[PDB]
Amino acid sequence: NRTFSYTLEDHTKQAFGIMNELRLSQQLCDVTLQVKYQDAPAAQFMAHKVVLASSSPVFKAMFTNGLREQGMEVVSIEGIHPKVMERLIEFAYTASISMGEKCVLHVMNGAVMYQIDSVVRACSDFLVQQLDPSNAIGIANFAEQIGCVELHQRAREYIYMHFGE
């Protein structure tokens, strides 16, 4: 009651905007992600360990288990398409992800790999809404491959429903 208190409602959004600009300008970056998919050319993404750690338990564990200040870390990623890694990094830096429906399985795989659970769930919910007789075997199959129990179940149930099971 003799205290001055102030909260800037959209501070975290504005600050994330500037951190995103610093990423795109390759300023203050302390991690290089090297992404090699099949025969596509290797892609390279600069980022900030603290931002990746703030968005992914997997990145957090890599960088904090590291129990050493050492500057530039290099993460070599195999068998994830670069565009998938671009979409996940942009998600960590912007809170948003947008893509064609054919991209969703691939992005979901990447999201599961880095335990970005909010993206995994949004991908899951979308794919459940897309279920049809043409796609439900693929979706069940993929969902089993990447360990997505809920998507695999919803896809199995949708199939068995056609047989009154």
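Start at 1 with the first residue shown and count on from there.
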Higher mean Cα B-factor in the deposited model: 63-71 or 43-51? 63-71
So 96-104 or 34-42, which one's hotter by mean CA B-factor in the entry? 34-42
Within this chain, which third does the Cα B-factor at residue 154 fall in: lowest, middle or highest? highest
According to the PDB entry, is the CA B factor of residue 140 in the bottom, middle or top third of its chain, that is, lowest, middle or highest? highest
